[PDB]
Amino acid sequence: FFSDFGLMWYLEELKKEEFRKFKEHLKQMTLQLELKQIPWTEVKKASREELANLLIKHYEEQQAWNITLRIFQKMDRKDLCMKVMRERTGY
């Protein structure tokens, strides 16, 4: 999908189960590092575009990305982390 941008495009790099696991990691971590929480029901049901917007709405843009990239590295989606980094760097 060359139609999509930003965080949403990355969440679309995740398959069905990965996305499902992504949401479980997100909720764990937000709890672990003690941020204001999103209701687990909202998180669980969210589409990729909706979750991307939930993240940015609750944590603003930079933190939504940093949180998302931490989860990727944790889920063994290190390719996504390096991809974003090669881009943001100019490599």
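Sequential numbering from 1, following the sequence displayed.
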{"query": "Entry-level comparison of average CA B-factors, 57 to 65 and 36 to 44, reporting the higher stretch", "finding": "36 to 44"}
{"query": "26 to 34 versus 47 to 55 - greater average Cα B-factor per the deposited record", "finding": "26 to 34"}
{"query": "B-factor third for the C-alpha atom of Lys15 within its chain", "finding": "highest"}
{"query": "Within-chain third of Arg70 by Cα B-factor, per the entry", "finding": "middle"}
{"query": "Relative C-alpha B-factor of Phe2, binned into the chain's lowest, middle or highest third", "finding": "middle"}
